[PDB]
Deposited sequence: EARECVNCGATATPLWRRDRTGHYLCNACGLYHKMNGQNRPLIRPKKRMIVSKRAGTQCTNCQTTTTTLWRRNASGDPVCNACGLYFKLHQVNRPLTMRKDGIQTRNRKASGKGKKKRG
């Protein structure tokens, strides 16, 4: 039940936090950082997944999922198909 504490949006291409760790949508997060006040009111080339919280690009400029993109950056080799975990994983990130 995540919600932008400024505008009330429940959907956004990227969730962000303010200095205190209060959640803000991408729009309200960028605005506050820039202005210092409140904002006024596809599939992976490697593993063929259609679901990720963040699309990245490979060296040729084609889309890869977050997992595949990060794996390649680290290892300089493509993510093997056997690494692909079923389901969606989430993590409780702490403040600051």
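No C-alpha positions are given for the deposited-sequence stretches 1, 43-56, 112-119.
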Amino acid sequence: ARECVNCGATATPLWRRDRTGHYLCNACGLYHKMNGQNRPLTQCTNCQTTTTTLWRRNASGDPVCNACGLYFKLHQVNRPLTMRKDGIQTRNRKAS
From here on, numbers count along this sequence of modelled residues.
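The question of which stretch, 86-94 or 3-11, has the higher mean Cα B factor is settled in favour of 86-94. The deposited model assigns a higher average Cα B-factor to 45-53 than to the other stretch when 66-74 and 45-53 are compared. Looking at the C-alpha B-factors along this chain, the one for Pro40 belongs to the highest third. The entry lists a Cα temperature factor for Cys28 that places it in the lowest third of the chain's modelled residues.
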